[PDB]
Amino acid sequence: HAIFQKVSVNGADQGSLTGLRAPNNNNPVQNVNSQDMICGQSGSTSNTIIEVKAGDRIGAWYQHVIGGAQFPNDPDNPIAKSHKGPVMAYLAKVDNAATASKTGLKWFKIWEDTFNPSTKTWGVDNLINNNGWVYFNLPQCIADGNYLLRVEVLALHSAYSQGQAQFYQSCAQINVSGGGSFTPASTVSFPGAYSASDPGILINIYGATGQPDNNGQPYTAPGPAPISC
């Protein structure tokens, strides 16, 4: 239970909900066929389009509720420790990031922090240790212009049952300058890219003594591999 609700650009805080299409509650999306998978449940929208340069260091901030912790010493801020899983980021090129319909876009993955089997560390573990932030660079080669930037937490604490993996998604509206001429060889659809039977979605992450360590096995994130310039 958490909401992606703020972006930073090379460390500069763009402000709460600035440029975001974000849900207004922290409940998960669980039906991978839902249009809610694209940018989360329909919630707040913003007219701002965040100016970024290709290659920039982007931060995406999750907190338990809109605005931060739900109450003093909230143990589930930025997200409950139990919610082990990967974090993924995708781009979709759009003409106008403020007015584009979220439906039917052509998505490609640019980054993910999944599971390190030898350290037993999930992307959500790093999110927690970075106080809700996940950091990644925009590719240096992507073309100039508007994009939606979709960031997604996949929490697997209940994912051993069909349709009970939990998704926490929002989209940021950005304009890229200083880019290159990259065109993705392949794109995917949301909804569509994920199937409930995917081995990173229908998964029992619990080991011998009940710890969520994936039995020290490698984990396969759903969707396509991140592009590289």
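Start at 1 and count along the sequence shown; that's the residue number.
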(request) Would you mind comparing 136-144 and 78-86 for me and telling me which has the higher average C-alpha temperature factor in the entry? (result) 136-144
(message) On mean Cα temperature factor in this entry, is 109-117 or 69-77 the higher one?
(response) 69-77
(message) Given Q169, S44, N33, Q166, identify the residue with the highest C-alpha B factor in the PDB entry.
(response) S44
(request) Quick one: which of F190, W61, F182, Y160 shows the highest Cα temperature factor in the PDB entry? (result) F182
(message) Quick check on the deposited entry: does the C-alpha B-factor of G55 sit in the lowest, middle or highest third of its chain?
(response) highest
(message) For the chain shown, is the CA B-factor of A100 in the lowest, middle or highest third of its modelled residues?
(response) highest
(request) Using the B-factors in the PDB entry, rank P199's C-alpha atom against the chain and give the third, lowest, middle or highest. (result) middle
(request) Could you look up the Cα B-factor of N131 in the entry and say which third of the chain it sits in: lowest, middle or highest? (result) middle
(message) Taking only the Cα B-factors deposited for this chain, tell me whether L20 sits in the lowest, middle or highest third.
(response) middle
